[PDB]
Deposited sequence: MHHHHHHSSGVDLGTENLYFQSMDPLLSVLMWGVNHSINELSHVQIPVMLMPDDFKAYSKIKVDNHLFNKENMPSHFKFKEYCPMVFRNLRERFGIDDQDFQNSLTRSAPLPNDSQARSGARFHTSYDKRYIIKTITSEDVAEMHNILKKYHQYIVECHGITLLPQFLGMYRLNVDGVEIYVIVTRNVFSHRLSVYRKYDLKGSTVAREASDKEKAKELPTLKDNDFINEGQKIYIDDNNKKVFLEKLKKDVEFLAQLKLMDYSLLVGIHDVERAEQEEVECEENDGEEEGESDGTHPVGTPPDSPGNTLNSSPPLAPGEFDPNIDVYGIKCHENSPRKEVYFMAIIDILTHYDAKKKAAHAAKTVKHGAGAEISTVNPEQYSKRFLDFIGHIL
């Protein structure tokens, strides 16, 4: 492992994640998080002269936001820190956002405002993860960092992939229940796997066929998740839906501990499929800005309407 990349910001992220996790290994796991933990960080500035000049950039910084909370979150979400460390570090992330090399994790560039909003909600989010025992369709926020190389400064967040680390998605949708129409562009639609939207789903007559028990379970989690978001005055979020086609292809199978968002289709489905659905893109507050209770009602009715 040398953390080499053509993109210096990915070297620095791999370096940083490697450092972050090793550093945490020299820190006790607390009986519980305290308020100070939610306002915490570690900054590390590196200046090398004529050393490791080929693998990495000579001058850089790495900052990790509330390392103790994100570590706790990882544990709550069933994620081992060394598995995490390996996933983001054994090979470079691939641009599609980026994905870890093993497709377990999403890496996204965000703004300082996003970072401030993550802080704004982090205690309530954490308590909510405690209360729901980590069972939820919220984004699993696993790490949040600031990087500076070459006079360039970005903020990044890591989340769990909604989709399978292994089974491919032939179709993907971003759904909001917008009353205003939402269609993919001709530019988006020109891709191999476009990110389609509400009107695409309707115009295609897309059907998601899940059994009654799974639908109940799913729509109950969804309701509590979205009542929480409405409680925080968050909005503009979407349900991301991926469809694995088992016929193009042991064939139907997935580990529900890794691909935690996976749901098998109804046995009587006309088409043998697996669906991957969860909420993404939650960090937009009403103050920055139809209101959050309304958004959440409208969102939840549309999801109900398609199953």
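- Residues 1-17, 114-122, 276-316, 357-376 of the deposited sequence have no C-alpha coordinates in the model.
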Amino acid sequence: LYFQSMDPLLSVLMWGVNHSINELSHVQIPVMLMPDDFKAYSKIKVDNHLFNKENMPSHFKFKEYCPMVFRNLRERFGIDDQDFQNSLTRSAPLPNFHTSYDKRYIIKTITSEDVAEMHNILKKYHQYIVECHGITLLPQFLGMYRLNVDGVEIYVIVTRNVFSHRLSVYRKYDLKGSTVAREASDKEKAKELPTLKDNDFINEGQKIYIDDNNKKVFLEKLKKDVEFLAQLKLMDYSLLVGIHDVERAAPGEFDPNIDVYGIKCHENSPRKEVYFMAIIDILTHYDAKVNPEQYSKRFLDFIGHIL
From here on, numbers count along this sequence of modelled residues.
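Under this definition, the rigid core comprises the largest set of C-alpha atoms superposing within 1.5 Å between the forms.
- A fit on the rigid core, followed by a root mean square over CA positions in 6 other deposited structures of this protein, ranks 210-218 against 193-201 and picks 193-201 as the more shifted one.
- Figure legend: residue 179 is marked as unmodelled in at least a third of the other comparable entries of the protein.
- Missing-residue comparison: residue 289 falls in the unmodelled set for a third or more of the other PDB entries checked.
- Comparing 219-227 with 184-192, the stretch with the higher mean C-alpha B-factor in the PDB entry is 184-192.
- As recorded in the PDB entry, 166-174 is the stretch of 153-161 and 166-174 with the greater mean C-alpha temperature factor.
- Per the PDB record, 209 has a higher Cα B-factor than any other of 209, 97, 125, 77.
- Going by the entry's values, 203 shows the largest Cα B-factor out of 86, 109, 203, 148.
- In this PDB entry, residue 25 carries a Cα temperature factor that places it within the lowest third of its chain's modelled residues.
- Compared with the other modelled residues of the chain, the Cα B-factor recorded for residue 45 ranks in the lowest third.
- Among the modelled residues of its chain, residue 272 has a C-alpha B-factor that falls in the highest third according to the deposited record.
- Ranked against the other modelled residues of its chain, the C-alpha B-factor of residue 281 as given in the entry falls in the lowest third.
- When the CA B factors of the chain's modelled residues are split into thirds, the value for residue 263 lands in the middle one.
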